[PDB]
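Enquirer: Residue numbers (the entry's author numbering), protein chains in the order written: chain A, 915 to 940, 946 to 962; chain B, 1107 to 1146. Have a look at this one before I ask anything.
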C-alpha cells in the first residue's frame, strides 16, 4: 500500500508541510511571558 | 529487523501483490517454492 502509492503520499506530505508554514505564519507561549511581565511590573 | 539472521527467500516468508512495474526498486531475484521440487 505504501509502495504502489509512494508518489502520492509524497505529494500530500509536501503539500501538508506547505500549508503548515502558512497556518503558523497567520498564544500559550505568549501567555507565560505576559504573566511574568505583569508580576514584575506589579512588584 | 533487529537481529541479523539470513534466510532463503521462499513463498513462505513473502507474499505477492501486483506486477513489478509500479514499485521503484524491484530486484529481479529468484524466489523459491518449496513444493515444486519436493513433489517432483
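No residue lacks a Cβ here, since even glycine has one placed at the ideal position from N, Cα and C.
Residues of chain A with CB under 7 Å from residue 1130 (chain B), in chain order?
Expert: Under the 7 Å cutoff, chain A gives 920.
Enquirer: Which partner residues of residue 1116 (chain B) appear in the DSSP bridge assignment?
Expert: Residue 1116 (chain B) is bridged to B:1138.
Enquirer: Between the segment 946 to 960 of chain A and the segment 1124 to 1131 of chain B, can you find at least three pairs of beta-carbon atoms closer than 8 Å?
Expert: The segment 1124 to 1131 of chain B is not in contact with the segment 946 to 960 of chain A.
Enquirer: Give me the Cα-Cα distance between residue 1111 (chain B) and residue 931 (chain A), rounded to the nearest whole angstrom.
Expert: Distance between the alpha carbons of residue 1111 (chain B) and residue 931 (chain A): 39 Å.
Enquirer: Check residue 1130 (chain B) in the structure and name its three-state DSSP category.
Expert: DSSP places residue 1130 (chain B) in coil when its eight states are reduced to three.
Enquirer: Distance, Cα to Cα, residue 1142 (chain B) vs residue 1120 (chain B)?
Expert: So the alpha carbons of these two residues sit roughly 16 Å apart.
Enquirer: Beta-carbon within less than 8 Å of residue 1116 (chain B)'s beta-carbon, same chain only, minus the 5 sequence neighbours each way: which residues are those?
Expert: So the qualifying residues of the chain are 1137, 1138, 1139, 1140.
Enquirer: Classify residue 1146 (chain B) as helix, strand or coil using the three-state DSSP reduction.
Expert: Residue 1146 (chain B): coil per DSSP, three-state reduction.
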